[PDB]
Amino acid sequence: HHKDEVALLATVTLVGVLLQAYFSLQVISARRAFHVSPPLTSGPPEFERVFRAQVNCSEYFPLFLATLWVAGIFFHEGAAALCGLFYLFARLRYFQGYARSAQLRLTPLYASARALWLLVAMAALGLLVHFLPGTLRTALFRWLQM
Amino acid sequence: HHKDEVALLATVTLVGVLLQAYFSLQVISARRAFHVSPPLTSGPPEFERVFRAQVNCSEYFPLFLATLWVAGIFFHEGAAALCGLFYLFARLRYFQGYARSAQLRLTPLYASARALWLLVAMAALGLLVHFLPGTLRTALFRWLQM
Amino acid sequence: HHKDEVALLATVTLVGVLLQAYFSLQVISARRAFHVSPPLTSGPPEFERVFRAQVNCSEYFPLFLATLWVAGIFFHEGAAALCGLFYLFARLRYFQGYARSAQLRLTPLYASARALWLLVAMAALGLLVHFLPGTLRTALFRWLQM
Ligand SMILES: N[C@@H](CCC(=O)N[C@@H](CS)C(=O)NCC(=O)O)C(=O)O
Ligand SMILES: N[C@@H](CCC(=O)N[C@@H](CS)C(=O)NCC(=O)O)C(=O)O
Ligand SMILES: N[C@@H](CCC(=O)N[C@@H](CS)C(=O)NCC(=O)O)C(=O)O
Ligand code: NI
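X-ray crystallography is the method the PDB entry states for this structure, with the resolution given as 2.700 Å.

Pasting the structure below:
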């Protein structure tokens, strides 16, 4: 069982899945409430905003997962998991904002981006540590001989 | 080689990839058959249904992968892999249905959702086992002293 | 630290994330330059091409990641990481092409597909090795007795 060091990342991943499923069900009820039957992704602006919120989130979702894992494995699991929650939480506000007003989406989008960029930075710092000693070591072997 | 305990999850993942690529090629031929040249995602309803089937699947695809892995790692690899196949198979019927009729998409969608929700439940049960003993143990440490 | 055998896959994954974020920022500036304010995903053809490039890439992105990991784990990490870069690089040209001309997207798309199909083949070959000995062995146990 090599699970222990990874269960926080996996559980935030699962919260992310539930959240995405939440958005998807919301599109189904807005699909019914405004008579917009499949296919067709157009209708009144209330519907379109809800469609687009869902689509937007589901497009950043893999970015989120990728960096969440790389940051959690290469930097620190708990911090990664923590930005993970901010991110997910900001994205819940993004969706709820977007639905009432397109302008009211902007505040939680900006919060979602900070969290997400933090994961990226952590990931980048994590990989730098892994890789940079090994390669500075041998860059210094050029200069021998000597 | 820590591959052994994970190869079923990886191979279902690969079936999922081939399946998504299958859908994508189908959109290319429907793009040609109805003269709908990039960009533009609109045309006759036969084309639109095929475009939307592909888009729908490719939106649930990461959810699928995430839960497939978490369920396979934290609950049981073979069962996860098994819902994985039902899911993938249901999604193949979803796509083939949607293309002929939008109503004929509904039966395999409902099957895809059951499989997918099963993976989620398995994942949730898996994480509960990992986390809940550790935390009940120490919740019981509050009540000592004693 | 079981990081060492996986850091190349993780770092290409991170390049992929930065690249996707690059595309997303490009859509934001084309959204401003042609006054196409959220929601609405339609406008002049310059804008639509840029929207679609981003969407296209972000749809293949999970396929890419999945096969990149399975190929890197089950076949060989460095080769997988190498197709990974070709793929990512081809996808950068795809996006830059698509934006100026829809026809000028085709050359880097074709390069992105070769790289991606190579990862799939490598993955398929990797899983074959894992699975096929174990099962030929026991297929040969049918024919004993003997
Ligand atoms: N992206 C989906 C989100 C919700 C969903 O899963 N809808 C199901 C059931 S109504 C569907 O099959 N939608 C058809 C489609 O994606 O065009 C949508 O636009 O409807
Ligand atoms: N989502 C894609 C699925 C198939 C695909 O990969 N098409 C390629 C070659 S025709 C493409 O570059 N499509 C342009 C686009 O996505 O707008 C589509 O709508 O065409
Ligand atoms: N798919 C996005 C890519 C770029 C993006 O992230 N845009 C942000 C800020 S303008 C957004 O909230 N777009 C609203 C939407 O996706 O409809 C888009 O179409 O705009
Ligand atoms: Ni280990």
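Caption draft 1: Quick look at the relation of the copies chain C and chain A. Least-squares fitting of chain C to chain A yields an RMSD of 0.0 Å, with the superposition described by an axial translation of 0.0 Å and a rotation of 120°. Seen this way, the second copy is the image of the first under a three-fold rotation axis. Residues of chain C ranked by C-alpha distance from the rotation axis are headed by C:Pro62, positioned 3.9 Å from it. Comparing interface residues between copies, only 4% of those in chain C also lie at the interface in chain A; the contact surfaces differ.

Caption draft 2: Representation of the packing of aromatic side chains in the model. Evaluated as defined, the whole model comprises 21 aromatic pairs over all chains. Consider the rings of A:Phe23 and A:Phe95, whose centres lie 4.5 Å apart with planes at 20°: the pair is stacked. Of this pair, A:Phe23 sits in helix α1 (residues 7–33) while A:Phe95 sits in helix α3 (residues 77–100), and the two are 72 residues apart along the sequence. As far as burial versus exposure is concerned, A:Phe23 and A:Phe95 are alike and both buried. Ring pairing ties together the aromatic residues A:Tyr22, A:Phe23 and A:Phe95, which thus form one cluster. Taking NZ or CZ as reference, B:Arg91 lies 4.9 Å from the ring centre of B:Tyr94, over its face. The ring of B:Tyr98 has B:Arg105 sitting right over it, with the charged end atom 5.6 Å from the ring centre.

Caption draft 3: Fine view of the site of ligand 1. Near ligand 1 there are 14 residues, and of these A:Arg31, B:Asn56, B:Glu59, B:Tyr60 and B:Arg105 occur at the shortest range. Surrounding ligand 1 are residues belonging to chains A and B, so the site spans chains. Between an oxygen atom of ligand 1 and a side-chain N or O atom of A:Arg31, the distance comes to 2.5 Å. Within the contact set of ligand 1, an oxygen atom lies 2.5 Å away from a side-chain nitrogen or oxygen of B:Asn56. In isolation ligand 1 exposes 460 Å². Once the protein is present, 94% of that is buried. Where the shell around ligand 1 is concerned, the elements lending two or more residues are α1 and α2 (45–74) of chain A together with α2 (45–74) and α3 (77–100) of chain B. In terms of residue class, the shell around ligand 1 is made up of seven nonpolar, three polar and four charged.

Caption draft 4: Broad picture of the environment of B:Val50. Tracing the chain through its elements places B:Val50 in helix α2. A residue is classified by how much of its surface remains accessible, and B:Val50, at 11% relative accessible area, is buried.

Caption draft 5: Structural detail: the site of ligand 2. Taken together, 14 residues sit near ligand 2, with B:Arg31, C:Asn56, C:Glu59, C:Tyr60 and C:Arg105 positioned nearest. At a separation of 2.9 Å, a nitrogen atom of ligand 2 approaches a polar side-chain atom of C:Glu59. Take C:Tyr94: an N or O atom from its side chain is 2.9 Å from an oxygen atom of ligand 2. Computed on the free molecule, ligand 2 has an accessible area of 450 Å², of which 94% lies beneath the protein chains in the complex. Elements with a contribution of two residues or more to the shell around ligand 2: α1 (7–33) and α2 of chain B together with α2 (45–74) and α3 (77–100) of chain C. A class-by-class count of the residues in the shell around ligand 2 yields seven nonpolar, three polar and four charged.

Caption draft 6: Spotlight on the interface of chain A and chain B. Contact with chain A, which involves 25 residues of that partner, is made by 22 residues of chain B. Sorting the residues of chain A by area buried against chain B places A:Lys3, A:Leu14 and A:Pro39 first, and these three jointly supply 27% of that buried surface. Where chain A meets chain B, there are two residue pairs in polar contact. Counting residues per element, the ones that place at least two in the side of chain A that touches chain B are α1 and α2 of chain A. For the side of chain A that touches chain B, the element with the most residues is α1(A), which contributes 11 residues. Its residues assigned to classes, the side of chain A that touches chain B shows 16 nonpolar, seven polar and two charged.

Caption draft 7: Summary view of the state of the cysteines. All names here are of chain B. Scanning the entire structure with this criterion turns up zero disulfides over all chains. The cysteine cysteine 57 is free of any disulfide, with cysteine 83 supplying the nearest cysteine sulfur at 18 Å. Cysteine 83 sits in the buried class, given a relative accessible area of 7%.

Caption draft 8: Seen up close, the nonpolar core. Judged by nonpolar contacts, the single largest core of 132 residues is most densely connected at A:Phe64, A:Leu119, B:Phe64, B:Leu119, C:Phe64 and C:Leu119. Here C:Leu119 is in contact with C:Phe64, C:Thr67, C:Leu68, C:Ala71, C:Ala80 and C:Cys83, once residues within four sequence places are set aside.

Caption draft 9: Here's a closer look at the interface of chain C and chain A. Contacts between chain C and chain A engage 25 residues on the former and 22 residues on the latter. Interface area, chain C with chain A, both sides summed: about 1,900 Å², of which 77% is carbon and sulfur. Applying the counting rule to chain C against chain A returns zero salt bridges. Taken together, the links from chain C to chain A amount to two residue pairs in polar contact. Counting only elements with at least two residues in the side of chain C that touches chain A, the list comes to α1 (7–33) and α2 of chain C. Broken down by element, the residue count for the side of chain C that touches chain A peaks at 11 residues, all from α1(C).

Caption draft 10: Inspection of α2(B) at higher detail. A rise of 1.5 Å per residue sets the reference length of α2(B), with its 30 residues, at 44 Å; its end C-alpha atoms lie 43 Å apart and thus fit the reference within 8%. Within α2(B), 26 of the 30 residues are buried, leaving the element largely enclosed by the surrounding structure.

About the thresholds
- Residues numbered from 1 in each chain as written, not as in the entry; some residues may be left out.
- Chains lettered and ligands numbered in written order.
- Heavy atoms only, no water.
- Least-squares fit on C-alpha atoms.
- Contact = heavy atoms within 4.5 Å.
- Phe/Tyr/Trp six-rings, centres within 6.5 Å; stacked < 30°, edge-to-face > 60°.
- Helix = DSSP H or I, 4+ residues; strand = E, 2+ residues; numbered from the N terminus.
- Buried < 20%, exposed > 50% of the residue type's maximum accessible area, 1.4 Å probe, protein only.
- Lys NZ or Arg CZ within 6 Å of the ring centre and 35° of its normal.
- Near = heavy atom within 4 Å.
- Polar contact = N/O pair within 3.5 Å; in protein donor to acceptor, adjacent residues only side chain to side chain.
- Areas by Shrake-Rupley, 256 points an atom, 1.4 Å probe, with all protein chains shown as cover.
- Nonpolar A, V, L, I, M, F, W, Y, C, P; charged D, E, K, R; others polar.
- Buried area = accessible area lost by both parts, 1.4 Å probe.
- Disulfide = S-S within 2.5 Å.
- Core = buried A, V, L, I, M, F, W, Y, C linked by side-chain atoms within 4.5 Å.
- Salt bridge = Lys/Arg side-chain N within 4 Å of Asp/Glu carboxyl O.
- Expected span 1.5 Å × (residues − 1).

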